[PDB]
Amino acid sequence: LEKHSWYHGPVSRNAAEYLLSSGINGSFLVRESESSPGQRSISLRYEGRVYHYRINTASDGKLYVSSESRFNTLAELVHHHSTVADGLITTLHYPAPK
């Protein structure tokens, strides 16, 4: 839910980039796609750039950004990629303010 500090609901790529504009390395948010409803993305700041990653759902319903690492819930995915980058440009560190 939008109860989580890292979850920002429907936010466009462009709006996500401006949200991270005053963040630092590891600043991130999870959002819903405005153009593909039902789809979720992670936007992550690293070295003066913003990296956008689609969150995939496998047929068993597990969530992942890296095929090797699949989780039951978005919160487990975030916790995991906060611990180890594991295919991301860097670890998820600071959720954009809410």
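All residue numbers are counted from 1 along the displayed sequence. Take the two forms, superpose them, and find the largest set of C-alpha atoms that agree within 1.5 Å; that set is the rigid core.
When the other structures are laid on the shown form by the rigid core, the stretch among 62 to 70 and 31 to 39 with the greater C-alpha deviation in 5 other deposited structures of this protein turns out to be 31 to 39. Legend: mean Cα B-factor per stretch from the PDB entry, 80 to 88 versus 18 to 26; the higher mean is in 18 to 26.
The stretch 31 to 39 shows the higher mean C-alpha B-factor when 46 to 54 is compared against 31 to 39 in the entry. In this PDB entry, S59 carries a Cα temperature factor that places it within the lowest third of its chain's modelled residues.
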